[PDB]
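A.B. asks: The file below is run-v4.cif, mmCIF, C-alpha atoms and all ligand atoms:
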```cif
data_query
#
loop_
_atom_site.group_PDB
_atom_site.id
_atom_site.type_symbol
_atom_site.label_atom_id
_atom_site.label_comp_id
_atom_site.auth_asym_id
_atom_site.auth_seq_id
_atom_site.Cartn_x
_atom_site.Cartn_y
_atom_site.Cartn_z
ATOM 1 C CA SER J 1 0.000 0.000 0.000
ATOM 2 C CA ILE J 2 0.928 3.695 -0.160
ATOM 3 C CA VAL J 3 0.026 6.787 1.875
ATOM 4 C CA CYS J 4 -1.895 9.205 -0.342
ATOM 5 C CA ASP J 5 -0.316 12.401 -1.707
ATOM 6 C CA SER J 6 -3.243 14.086 -3.552
ATOM 7 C CA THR J 7 -1.983 13.116 -7.028
ATOM 8 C CA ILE J 8 -4.066 11.188 -9.537
ATOM 9 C CA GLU J 9 -1.588 8.364 -8.943
ATOM 10 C CA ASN J 10 -2.114 8.348 -5.150
ATOM 11 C CA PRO J 11 -5.425 10.065 -4.348
ATOM 12 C CA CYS J 12 -6.832 10.612 -0.866
ATOM 13 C CA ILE J 13 -9.948 9.244 0.791
ATOM 14 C CA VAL J 14 -11.558 12.324 2.340
ATOM 15 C CA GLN J 15 -14.563 12.157 4.597
ATOM 16 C CA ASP J 16 -16.946 15.039 3.916
ATOM 17 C CA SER J 17 -19.579 14.345 6.609
ATOM 18 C CA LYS J 18 -18.423 14.797 10.216
ATOM 19 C CA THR J 19 -20.512 11.727 11.030
ATOM 20 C CA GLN J 20 -23.353 9.704 9.504
ATOM 21 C CA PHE J 21 -25.723 12.027 11.393
ATOM 22 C CA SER J 22 -24.349 15.421 10.340
ATOM 23 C CA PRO J 23 -26.885 18.092 9.287
ATOM 24 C CA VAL J 24 -27.321 19.744 5.921
ATOM 25 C CA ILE J 25 -25.710 23.184 6.103
ATOM 26 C CA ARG J 26 -26.240 24.616 2.567
ATOM 27 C CA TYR J 27 -29.842 23.577 1.924
ATOM 28 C CA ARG J 28 -31.920 26.099 -0.002
ATOM 29 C CA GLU J 29 -34.975 26.371 -2.284
ATOM 30 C CA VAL J 30 -34.849 28.627 -5.343
ATOM 31 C CA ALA J 31 -38.441 29.801 -4.929
ATOM 32 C CA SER J 32 -37.474 31.480 -1.638
ATOM 33 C CA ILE J 33 -35.670 34.111 -3.716
ATOM 34 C CA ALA J 34 -39.137 35.675 -4.200
ATOM 35 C CA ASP J 35 -39.385 36.279 -0.435
ATOM 36 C CA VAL J 36 -35.877 37.674 0.019
ATOM 37 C CA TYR J 37 -34.508 39.473 -3.055
ATOM 38 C CA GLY J 38 -35.093 43.213 -3.525
ATOM 39 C CA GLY J 39 -34.641 43.236 -7.307
ATOM 40 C CA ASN J 40 -36.550 41.567 -10.111
ATOM 41 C CA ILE J 41 -38.234 38.376 -8.875
ATOM 42 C CA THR J 42 -40.285 37.715 -12.014
ATOM 43 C CA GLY J 43 -40.581 34.005 -12.776
ATOM 44 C CA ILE J 44 -39.001 32.687 -9.546
ATOM 45 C CA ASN J 45 -41.758 31.661 -7.222
ATOM 46 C CA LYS J 46 -43.015 28.588 -9.114
ATOM 47 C CA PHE J 47 -39.715 26.688 -9.249
ATOM 48 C CA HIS J 48 -39.658 23.192 -7.753
ATOM 49 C CA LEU J 49 -35.967 23.297 -7.041
ATOM 50 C CA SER J 50 -33.820 22.693 -3.982
ATOM 51 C CA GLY J 51 -30.087 22.262 -3.504
ATOM 52 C CA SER J 52 -27.420 21.306 -1.006
ATOM 53 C CA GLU J 53 -23.928 20.053 -0.406
ATOM 54 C CA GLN J 54 -23.321 16.303 -0.330
ATOM 55 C CA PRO J 55 -25.568 14.950 2.477
ATOM 56 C CA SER J 56 -24.679 12.538 5.225
ATOM 57 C CA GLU J 57 -26.913 9.475 5.558
ATOM 58 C CA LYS J 58 -29.151 11.411 7.959
ATOM 59 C CA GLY J 59 -28.957 14.482 5.730
ATOM 60 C CA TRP J 60 -30.953 12.645 3.073
ATOM 61 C CA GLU J 61 -33.777 12.214 5.554
ATOM 62 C CA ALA J 62 -33.782 15.945 6.299
ATOM 63 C CA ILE J 63 -33.868 16.747 2.577
ATOM 64 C CA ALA J 64 -36.714 14.293 1.944
ATOM 65 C CA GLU J 65 -38.709 15.836 4.781
ATOM 66 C CA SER J 66 -38.079 19.380 3.489
ATOM 67 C CA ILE J 67 -39.252 18.433 0.012
ATOM 68 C CA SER J 68 -42.290 16.574 1.376
ATOM 69 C CA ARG J 69 -43.380 19.676 3.316
ATOM 70 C CA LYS J 70 -43.111 21.884 0.273
ATOM 71 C CA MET J 71 -45.104 19.404 -1.807
ATOM 72 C CA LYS J 72 -44.686 14.922 -7.716
ATOM 73 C CA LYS J 73 -41.655 12.996 -9.058
ATOM 74 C CA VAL J 74 -38.400 13.965 -7.348
ATOM 75 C CA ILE J 75 -35.112 13.796 -9.251
ATOM 76 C CA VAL J 76 -31.837 14.103 -7.378
ATOM 77 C CA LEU J 77 -29.328 15.725 -9.691
ATOM 78 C CA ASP J 78 -25.743 14.782 -8.715
ATOM 79 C CA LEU J 79 -23.474 17.306 -10.446
ATOM 80 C CA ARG J 80 -20.240 15.627 -9.391
ATOM 81 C CA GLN J 81 -17.774 14.293 -11.951
ATOM 82 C CA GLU J 82 -15.455 13.050 -9.188
ATOM 83 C CA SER J 83 -15.762 9.641 -7.552
ATOM 84 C CA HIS J 84 -17.721 9.695 -4.303
ATOM 85 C CA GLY J 85 -19.868 7.549 -2.070
ATOM 86 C CA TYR J 86 -20.437 6.491 1.528
ATOM 87 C CA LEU J 87 -18.515 4.564 4.146
ATOM 88 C CA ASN J 88 -20.636 3.633 7.182
ATOM 89 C CA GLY J 89 -23.093 6.407 6.280
ATOM 90 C CA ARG J 90 -20.417 9.103 6.024
ATOM 91 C CA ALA J 91 -19.984 10.852 2.686
ATOM 92 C CA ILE J 92 -16.521 10.272 1.208
ATOM 93 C CA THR J 93 -14.690 11.560 -1.871
ATOM 94 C CA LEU J 94 -11.659 10.278 -3.780
ATOM 95 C CA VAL J 95 -9.589 13.460 -3.933
ATOM 96 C CA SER J 96 -6.696 14.530 -6.133
ATOM 97 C CA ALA J 97 -5.520 18.154 -6.410
ATOM 98 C CA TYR J 98 -8.421 20.597 -6.784
ATOM 99 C CA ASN J 99 -10.827 17.635 -6.574
ATOM 100 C CA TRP J 100 -10.223 16.598 -10.189
ATOM 101 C CA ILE J 101 -9.736 12.814 -9.972
ATOM 102 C CA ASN J 102 -11.960 12.186 -13.043
ATOM 103 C CA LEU J 103 -11.045 15.305 -15.035
ATOM 104 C CA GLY J 104 -10.773 14.554 -18.760
ATOM 105 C CA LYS J 105 -12.504 11.182 -18.475
ATOM 106 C CA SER J 106 -15.607 10.085 -20.323
ATOM 107 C CA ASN J 107 -18.676 9.781 -18.119
ATOM 108 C CA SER J 108 -18.523 6.013 -18.668
ATOM 109 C CA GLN J 109 -14.995 5.882 -17.346
ATOM 110 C CA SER J 110 -15.780 8.168 -14.419
ATOM 111 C CA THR J 111 -18.563 5.842 -13.285
ATOM 112 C CA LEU J 112 -16.458 2.710 -13.815
ATOM 113 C CA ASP J 113 -13.625 4.245 -11.777
ATOM 114 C CA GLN J 114 -15.974 5.228 -8.966
ATOM 115 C CA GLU J 115 -17.658 1.852 -8.780
ATOM 116 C CA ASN J 116 -14.296 0.050 -8.881
ATOM 117 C CA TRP J 117 -13.023 2.259 -6.064
ATOM 118 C CA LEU J 118 -16.097 1.648 -3.932
ATOM 119 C CA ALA J 119 -15.950 -2.091 -4.664
ATOM 120 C CA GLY J 120 -12.349 -2.146 -3.445
ATOM 121 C CA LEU J 121 -13.316 -0.511 -0.160
ATOM 122 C CA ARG J 122 -16.385 -2.739 0.195
ATOM 123 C CA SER J 123 -14.231 -5.877 0.068
ATOM 124 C CA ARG J 124 -12.000 -4.785 2.978
ATOM 125 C CA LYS J 125 -12.549 -5.546 6.641
ATOM 126 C CA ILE J 126 -10.857 -2.238 7.518
ATOM 127 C CA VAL J 127 -10.253 0.920 5.482
ATOM 128 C CA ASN J 128 -7.191 2.971 6.406
ATOM 129 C CA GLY J 129 -6.147 6.552 5.801
ATOM 130 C CA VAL J 130 -9.517 8.281 5.941
ATOM 131 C CA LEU J 131 -8.791 12.021 6.204
ATOM 132 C CA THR J 132 -11.056 14.808 7.368
ATOM 133 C CA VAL J 133 -11.230 17.944 5.246
ATOM 134 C CA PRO J 134 -9.016 19.902 7.696
ATOM 135 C CA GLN J 135 -6.405 17.105 7.607
ATOM 136 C CA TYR J 136 -6.441 17.007 3.812
ATOM 137 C CA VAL J 137 -6.089 20.785 3.571
ATOM 138 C CA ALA J 138 -3.172 20.655 6.018
ATOM 139 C CA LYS J 139 -1.586 17.908 3.875
ATOM 140 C CA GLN J 140 -1.556 15.611 6.899
ATOM 141 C CA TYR J 141 -1.794 12.610 4.602
ATOM 142 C CA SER J 142 -0.465 10.044 7.070
ATOM 143 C CA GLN J 143 -2.724 11.093 9.965
ATOM 144 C CA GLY J 144 -5.941 9.495 8.702
ATOM 145 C CA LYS J 145 -8.138 7.157 10.748
ATOM 146 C CA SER J 146 -9.071 3.537 10.151
ATOM 147 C CA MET J 147 -12.675 2.380 9.983
ATOM 148 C CA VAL J 148 -14.204 -1.069 10.374
ATOM 149 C CA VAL J 149 -16.330 -1.511 7.255
ATOM 150 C CA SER J 150 -20.023 -2.016 7.872
ATOM 151 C CA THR J 151 -21.319 -0.583 4.576
ATOM 152 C CA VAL J 152 -19.892 1.008 1.452
ATOM 153 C CA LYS J 153 -22.620 2.534 -0.698
ATOM 154 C CA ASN J 154 -23.049 4.832 -3.630
ATOM 155 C CA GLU J 155 -25.397 7.819 -3.437
ATOM 156 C CA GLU J 156 -28.032 5.917 -5.418
ATOM 157 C CA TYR J 157 -28.508 3.540 -2.489
ATOM 158 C CA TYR J 158 -29.765 6.372 -0.266
ATOM 159 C CA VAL J 159 -31.638 8.289 -2.957
ATOM 160 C CA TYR J 160 -33.594 5.240 -4.078
ATOM 161 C CA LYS J 161 -34.500 4.413 -0.460
ATOM 162 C CA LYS J 162 -36.304 7.777 -0.331
ATOM 163 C CA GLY J 163 -38.267 6.891 -3.472
ATOM 164 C CA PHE J 164 -36.437 9.504 -5.548
ATOM 165 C CA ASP J 165 -34.847 9.178 -8.993
ATOM 166 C CA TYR J 166 -31.127 9.801 -9.550
ATOM 167 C CA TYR J 167 -29.518 11.534 -12.523
ATOM 168 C CA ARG J 168 -25.827 12.374 -12.806
ATOM 169 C CA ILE J 169 -24.408 15.386 -14.656
ATOM 170 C CA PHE J 170 -20.621 15.079 -14.666
ATOM 171 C CA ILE J 171 -19.245 18.549 -13.909
ATOM 172 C CA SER J 172 -15.633 19.027 -12.806
ATOM 173 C CA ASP J 173 -15.337 20.838 -9.510
ATOM 174 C CA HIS J 174 -14.835 24.622 -9.836
ATOM 175 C CA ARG J 175 -15.567 24.540 -13.593
ATOM 176 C CA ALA J 176 -18.263 25.101 -16.171
ATOM 177 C CA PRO J 177 -20.133 22.085 -17.518
ATOM 178 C CA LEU J 178 -18.925 20.650 -20.827
ATOM 179 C CA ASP J 179 -21.239 20.799 -23.831
ATOM 180 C CA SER J 180 -22.484 17.219 -23.396
ATOM 181 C CA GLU J 181 -23.512 17.985 -19.841
ATOM 182 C CA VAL J 182 -25.231 21.245 -20.762
ATOM 183 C CA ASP J 183 -27.204 19.397 -23.433
ATOM 184 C CA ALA J 184 -28.046 16.720 -20.859
ATOM 185 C CA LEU J 185 -29.388 19.226 -18.343
ATOM 186 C CA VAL J 186 -31.491 21.090 -20.914
ATOM 187 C CA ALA J 187 -32.927 17.803 -22.185
ATOM 188 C CA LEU J 188 -33.658 16.504 -18.683
ATOM 189 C CA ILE J 189 -35.749 19.581 -17.937
ATOM 190 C CA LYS J 190 -37.582 19.357 -21.270
ATOM 191 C CA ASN J 191 -38.201 15.611 -20.988
ATOM 192 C CA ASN J 192 -39.806 15.599 -17.560
ATOM 193 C CA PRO J 193 -43.059 17.258 -16.448
ATOM 194 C CA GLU J 194 -42.986 20.922 -15.458
ATOM 195 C CA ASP J 195 -44.047 19.882 -11.935
ATOM 196 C CA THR J 196 -40.980 17.688 -11.359
ATOM 197 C CA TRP J 197 -38.997 18.510 -8.199
ATOM 198 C CA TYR J 198 -35.211 18.629 -8.631
ATOM 199 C CA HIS J 199 -32.833 18.387 -5.722
ATOM 200 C CA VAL J 200 -29.510 19.562 -7.080
ATOM 201 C CA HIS J 201 -26.219 18.985 -5.277
ATOM 202 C CA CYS J 202 -22.489 18.917 -5.629
ATOM 203 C CA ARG J 203 -19.715 18.314 -3.066
ATOM 204 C CA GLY J 204 -19.681 21.597 -1.171
ATOM 205 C CA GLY J 205 -23.055 22.920 -2.301
ATOM 206 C CA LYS J 206 -21.477 26.055 -3.738
ATOM 207 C CA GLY J 207 -20.350 26.654 -7.345
ATOM 208 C CA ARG J 208 -21.818 23.768 -9.291
ATOM 209 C CA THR J 209 -25.259 23.802 -7.670
ATOM 210 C CA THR J 210 -25.548 27.578 -8.034
ATOM 211 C CA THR J 211 -24.444 27.374 -11.700
ATOM 212 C CA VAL J 212 -27.194 24.852 -12.415
ATOM 213 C CA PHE J 213 -29.787 26.928 -10.560
ATOM 214 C CA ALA J 214 -28.829 29.906 -12.748
ATOM 215 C CA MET J 215 -29.205 27.691 -15.834
ATOM 216 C CA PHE J 216 -32.716 26.593 -14.758
ATOM 217 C CA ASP J 217 -33.599 30.250 -14.185
ATOM 218 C CA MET J 218 -32.266 31.327 -17.601
ATOM 219 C CA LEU J 219 -34.072 28.499 -19.422
ATOM 220 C CA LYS J 220 -37.388 29.820 -18.089
ATOM 221 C CA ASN J 221 -36.797 33.558 -17.799
ATOM 222 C CA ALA J 222 -33.914 34.832 -19.976
ATOM 223 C CA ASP J 223 -36.274 36.560 -22.430
ATOM 224 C CA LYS J 224 -37.839 38.693 -19.655
ATOM 225 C CA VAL J 225 -35.120 39.048 -16.997
ATOM 226 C CA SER J 226 -31.615 40.471 -17.475
ATOM 227 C CA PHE J 227 -28.441 38.434 -17.053
ATOM 228 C CA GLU J 228 -27.444 40.745 -14.194
ATOM 229 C CA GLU J 229 -30.708 40.200 -12.328
ATOM 230 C CA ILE J 230 -30.631 36.421 -12.781
ATOM 231 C CA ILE J 231 -27.126 36.127 -11.356
ATOM 232 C CA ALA J 232 -27.832 38.589 -8.530
ATOM 233 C CA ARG J 233 -31.081 36.946 -7.502
ATOM 234 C CA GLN J 234 -29.468 33.494 -7.426
ATOM 235 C CA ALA J 235 -26.927 35.041 -5.014
ATOM 236 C CA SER J 236 -29.668 36.313 -2.668
ATOM 237 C CA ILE J 237 -30.393 33.090 -0.777
ATOM 238 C CA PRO J 238 -27.958 31.078 1.342
ATOM 239 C CA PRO J 239 -25.114 30.282 0.717
ATOM 240 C CA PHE J 240 -25.071 33.633 -1.138
ATOM 241 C CA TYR J 241 -23.044 32.378 -4.047
ATOM 242 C CA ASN J 242 -22.429 35.211 -6.527
ATOM 243 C CA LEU J 243 -21.311 33.774 -9.867
ATOM 244 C CA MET J 244 -19.985 37.215 -10.873
ATOM 245 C CA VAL J 245 -17.256 36.982 -8.241
ATOM 246 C CA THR J 246 -14.293 35.225 -9.839
ATOM 247 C CA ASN J 247 -11.689 36.112 -7.200
ATOM 248 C CA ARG J 248 -12.655 33.720 -4.386
ATOM 249 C CA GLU J 249 -10.898 31.792 -1.584
ATOM 250 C CA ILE J 250 -8.350 29.875 -3.681
ATOM 251 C CA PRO J 251 -6.605 32.220 -6.115
ATOM 252 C CA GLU J 252 -5.437 29.380 -8.395
ATOM 253 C CA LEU J 253 -9.086 28.643 -9.254
ATOM 254 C CA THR J 254 -9.801 32.120 -10.667
ATOM 255 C CA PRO J 255 -9.238 30.992 -14.293
ATOM 256 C CA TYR J 256 -11.954 28.368 -13.955
ATOM 257 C CA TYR J 257 -14.397 30.759 -12.322
ATOM 258 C CA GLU J 258 -13.739 33.234 -15.143
ATOM 259 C CA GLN J 259 -14.313 30.612 -17.806
ATOM 260 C CA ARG J 260 -17.506 29.558 -15.990
ATOM 261 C CA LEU J 261 -18.800 33.128 -16.118
ATOM 262 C CA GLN J 262 -18.117 33.340 -19.859
ATOM 263 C CA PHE J 263 -20.055 30.055 -20.217
ATOM 264 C CA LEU J 264 -22.974 31.536 -18.296
ATOM 265 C CA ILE J 265 -23.062 34.596 -20.587
ATOM 266 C CA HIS J 266 -23.234 32.369 -23.648
ATOM 267 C CA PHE J 267 -25.865 30.127 -22.029
ATOM 268 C CA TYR J 268 -27.977 33.199 -21.280
ATOM 269 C CA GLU J 269 -28.027 34.118 -24.952
ATOM 270 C CA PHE J 270 -28.853 30.535 -25.941
ATOM 271 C CA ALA J 271 -31.652 30.412 -23.378
ATOM 272 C CA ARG J 272 -33.101 33.691 -24.530
ATOM 273 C CA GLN J 273 -33.032 32.671 -28.204
ATOM 274 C CA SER J 274 -34.603 29.338 -27.271
ATOM 275 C CA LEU J 275 -37.546 31.182 -25.716
ATOM 276 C CA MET J 276 -37.723 33.325 -28.864
ATOM 277 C CA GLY J 277 -37.954 30.412 -31.312
ATOM 278 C CA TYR J 278 -34.597 28.638 -31.612
ATOM 279 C CA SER J 279 -35.479 24.958 -31.476
ATOM 280 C CA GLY J 280 -32.032 23.333 -31.489
ATOM 281 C CA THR J 281 -29.632 22.241 -28.785
ATOM 282 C CA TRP J 282 -26.910 24.099 -26.958
ATOM 283 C CA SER J 283 -24.247 22.120 -28.825
ATOM 284 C CA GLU J 284 -25.868 22.991 -32.178
ATOM 285 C CA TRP J 285 -26.316 26.651 -31.304
HETATM 286 CL CL CL J 301 -21.868 -2.679 1.685
HETATM 287 CL CL CL J 302 -34.514 42.638 -15.425
#
```
Do you think you could lay out the structure here as structure tokens?
Ligand SMILES: [Cl-]
Ligand SMILES: [Cl-]
C.D. replies:
Amino acid sequence: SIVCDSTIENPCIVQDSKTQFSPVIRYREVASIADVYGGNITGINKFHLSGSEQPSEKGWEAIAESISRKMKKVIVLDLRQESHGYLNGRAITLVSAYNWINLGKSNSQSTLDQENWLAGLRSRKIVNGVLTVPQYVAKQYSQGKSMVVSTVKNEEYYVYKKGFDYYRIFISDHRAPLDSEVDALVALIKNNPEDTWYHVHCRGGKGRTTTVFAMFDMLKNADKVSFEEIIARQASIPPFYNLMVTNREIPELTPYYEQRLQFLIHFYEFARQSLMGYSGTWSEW
């Protein structure tokens, strides 16, 4: 064996949930923008759209209860390209630098690599080297804990138990979606009833989820609401993620945030033209 070092050759097992019982800390519902935002709220209040970070086992119960109270088919939209799953009910990720373990891979290969990784853990009596986020950030690669394996599960296990559907859109962390994934999101929305509830999530519940919320908003409203107002209103509810802000916590990620913003500007124009009569796909546009 080898202690991890955050390279694609020797990636780290990082536990995202403090425990299997940890609460959801970036849960929000897009429709609440209508109750909070002081600008243009046209077209917001009828969305059936919630989002979060990656839940713990118990977190899925909280999300299901939140959705039930608001309520229709529910689709959980996992935006994560990177391999992830659960070890004894705790959310875990296979982490290389900038959380890009599956960067450049086909979606097929990303799934195969995840399921092979999880199968390897599942076959062990004990898993070693499980880092917390603070330990990973501090590069304390050899200070991870061991866990006696009770269960190793993918997200689908928990989502299906709640009677929800699962659909994966493979977006690299900190980046814009690729054209295939944009087409897949637009089609998913078109191909399900207008009343469908989507619970959207990524790893941290920040950039990817907010990007997708903005895309949903543009697809419905870009012909009547300005780009500026869409982005600002999506920033008005917790966690207050403003897609305009491209200088964030990690300076080395600025290029990707900038490219994501340019994507959003182009998607806005596509969405507006689609509401004005353009019948083709994003890739064709
Ligand atoms: Cl298992
Ligand atoms: Cl406006």
A.B. asks: Using all atoms listed in the file, which residue out of J:264, J:25, J:182, J:244 lies closest to residue 282 in chain J?
C.D. replies: J:182
A.B. asks: Using all atoms listed in the file, what residues lie at most 6 Å away from (-38.5, 18.7, -7.3) (file coordinates), given as a PyMOL selection string?
C.D. replies: chain J and resi 48-49+74+196-199
A.B. asks: Can those selected residues be exported to a file as an mmCIF file, keeping the file's coordinate frame so that it contains C-alpha atoms?
C.D. replies:
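Wrote it out as result.cif, contents follow:
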```
data_model
loop_
_atom_site.group_PDB
_atom_site.id
_atom_site.type_symbol
_atom_site.label_atom_id
_atom_site.label_comp_id
_atom_site.auth_asym_id
_atom_site.auth_seq_id
_atom_site.Cartn_x
_atom_site.Cartn_y
_atom_site.Cartn_z
ATOM 1 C CA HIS J 48 -39.658 23.192 -7.753
ATOM 2 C CA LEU J 49 -35.967 23.297 -7.041
ATOM 3 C CA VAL J 74 -38.400 13.965 -7.348
ATOM 4 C CA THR J 196 -40.980 17.688 -11.359
ATOM 5 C CA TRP J 197 -38.997 18.510 -8.199
ATOM 6 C CA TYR J 198 -35.211 18.629 -8.631
ATOM 7 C CA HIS J 199 -32.833 18.387 -5.722
#
```
A.B. asks: Could you build a table of the residues in chain J lying no more than 8 Å from ligand CL 301 (chain J), giving for each the nearest pair of atoms and their separation in Å rounded to one decimal place, using all atoms listed in the file, ordered by chain and ascending residue number, as JSON lines?
C.D. replies:
```
{"residue": "J:122", "atom": "CA", "partner": "J:CL301", "partner_atom": "CL", "distance": 5.7}
{"residue": "J:149", "atom": "CA", "partner": "J:CL301", "partner_atom": "CL", "distance": 7.9}
{"residue": "J:150", "atom": "CA", "partner": "J:CL301", "partner_atom": "CL", "distance": 6.5}
{"residue": "J:151", "atom": "CA", "partner": "J:CL301", "partner_atom": "CL", "distance": 3.6}
{"residue": "J:152", "atom": "CA", "partner": "J:CL301", "partner_atom": "CL", "distance": 4.2}
{"residue": "J:153", "atom": "CA", "partner": "J:CL301", "partner_atom": "CL", "distance": 5.8}
```
A.B. asks: Residues within 9 Å of (-42.3, 30.8, -8.1), file coordinates, counting all atoms listed in the file: what are they? Give the list as a list in words.
C.D. replies: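 Residues lying no farther than 9 Å from the given point: residues 30, 31, 32, 33, 34, 41, 42, 43, 44, 45, 46, 47 and 48 of chain J.
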A.B. asks: Around ligand CL 302 (chain J), out to 9 Å and counting all atoms listed in the file, which residues are there? I want them as an mmCIF file with C-alpha atoms, keeping the file's coordinate frame.
C.D. replies:
```cif
data_model
loop_
_atom_site.group_PDB
_atom_site.id
_atom_site.type_symbol
_atom_site.label_atom_id
_atom_site.label_comp_id
_atom_site.auth_asym_id
_atom_site.auth_seq_id
_atom_site.Cartn_x
_atom_site.Cartn_y
_atom_site.Cartn_z
ATOM 1 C CA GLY J 39 -34.641 43.236 -7.307
ATOM 2 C CA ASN J 40 -36.550 41.567 -10.111
ATOM 3 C CA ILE J 41 -38.234 38.376 -8.875
ATOM 4 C CA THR J 42 -40.285 37.715 -12.014
ATOM 5 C CA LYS J 224 -37.839 38.693 -19.655
ATOM 6 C CA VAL J 225 -35.120 39.048 -16.997
ATOM 7 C CA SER J 226 -31.615 40.471 -17.475
ATOM 8 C CA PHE J 227 -28.441 38.434 -17.053
ATOM 9 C CA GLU J 228 -27.444 40.745 -14.194
ATOM 10 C CA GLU J 229 -30.708 40.200 -12.328
ATOM 11 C CA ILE J 230 -30.631 36.421 -12.781
#
```
A.B. asks: Quote the spacing between CA of residue 239 in chain J and CA of residue 28 in chain J in Å to one decimal place.
C.D. replies: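 Between CA of residue 239 in chain J and CA of residue 28 in chain J the gap works out to 8.0 Å.
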A.B. asks: Using only C-alpha atoms, which residue out of J:12, J:176, J:52, J:277 lies closest to residue 143 in chain J?
C.D. replies: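 For residue 143 in chain J, the nearest of the given residues is J:12.
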A.B. asks: If we count all atoms listed in the file and set the cut-off at 7 Å, which residues sit around range 88-104 of chain J, ignoring sequence neighbours fewer than 2 positions away in its own chain? Please answer as JSON, numbers by chain.
C.D. replies: {"J": [6, 7, 8, 11, 12, 13, 14, 15, 16, 17, 19, 20, 55, 56, 57, 81, 82, 83, 84, 85, 86, 106, 110, 149, 150, 151, 152, 172, 173]}
A.B. asks: Would you mind putting N, CA, C and O atoms back on range 18-29 of chain J and writing the result as an mmCIF file, in the coordinates of the input?
C.D. replies:
```
data_model
loop_
_atom_site.group_PDB
_atom_site.id
_atom_site.type_symbol
_atom_site.label_atom_id
_atom_site.label_comp_id
_atom_site.auth_asym_id
_atom_site.auth_seq_id
_atom_site.Cartn_x
_atom_site.Cartn_y
_atom_site.Cartn_z
ATOM 1 N N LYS J 18 -19.103 15.005 8.928
ATOM 2 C CA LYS J 18 -18.423 14.797 10.216
ATOM 3 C C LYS J 18 -18.757 13.417 10.752
ATOM 4 O O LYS J 18 -17.871 12.704 11.249
ATOM 5 N N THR J 19 -20.028 13.046 10.661
ATOM 6 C CA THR J 19 -20.512 11.727 11.030
ATOM 7 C C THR J 19 -21.624 11.330 10.096
ATOM 8 O O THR J 19 -21.959 12.097 9.186
ATOM 9 N N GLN J 20 -22.202 10.146 10.295
ATOM 10 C CA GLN J 20 -23.353 9.704 9.504
ATOM 11 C C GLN J 20 -24.631 10.459 9.864
ATOM 12 O O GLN J 20 -25.661 10.269 9.221
ATOM 13 N N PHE J 21 -24.563 11.290 10.902
ATOM 14 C CA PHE J 21 -25.723 12.027 11.393
ATOM 15 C C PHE J 21 -25.627 13.526 11.129
ATOM 16 O O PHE J 21 -26.501 14.279 11.546
ATOM 17 N N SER J 22 -24.586 13.987 10.445
ATOM 18 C CA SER J 22 -24.349 15.421 10.340
ATOM 19 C C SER J 22 -25.451 16.119 9.551
ATOM 20 O O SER J 22 -25.958 15.563 8.572
ATOM 21 N N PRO J 23 -25.813 17.348 9.952
ATOM 22 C CA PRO J 23 -26.885 18.092 9.287
ATOM 23 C C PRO J 23 -26.459 18.689 7.961
ATOM 24 O O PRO J 23 -25.279 18.817 7.643
ATOM 25 N N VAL J 24 -27.481 19.044 7.193
ATOM 26 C CA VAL J 24 -27.321 19.744 5.921
ATOM 27 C C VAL J 24 -27.164 21.229 6.206
ATOM 28 O O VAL J 24 -28.040 21.830 6.844
ATOM 29 N N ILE J 25 -26.062 21.813 5.748
ATOM 30 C CA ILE J 25 -25.710 23.184 6.103
ATOM 31 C C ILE J 25 -25.789 24.199 4.960
ATOM 32 O O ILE J 25 -25.647 25.405 5.191
ATOM 33 N N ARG J 26 -26.013 23.722 3.724
ATOM 34 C CA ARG J 26 -26.240 24.616 2.567
ATOM 35 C C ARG J 26 -27.518 24.243 1.822
ATOM 36 O O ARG J 26 -27.582 24.325 0.596
ATOM 37 N N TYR J 27 -28.556 23.852 2.540
ATOM 38 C CA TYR J 27 -29.842 23.577 1.924
ATOM 39 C C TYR J 27 -30.501 24.898 1.578
ATOM 40 O O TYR J 27 -30.493 25.832 2.379
ATOM 41 N N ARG J 28 -31.079 24.972 0.381
ATOM 42 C CA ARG J 28 -31.920 26.099 -0.002
ATOM 43 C C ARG J 28 -32.895 25.707 -1.108
ATOM 44 O O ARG J 28 -32.701 24.695 -1.773
ATOM 45 N N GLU J 29 -33.933 26.528 -1.260
ATOM 46 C CA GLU J 29 -34.975 26.371 -2.284
ATOM 47 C C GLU J 29 -35.028 27.635 -3.124
ATOM 48 O O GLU J 29 -35.153 28.735 -2.594
#
```
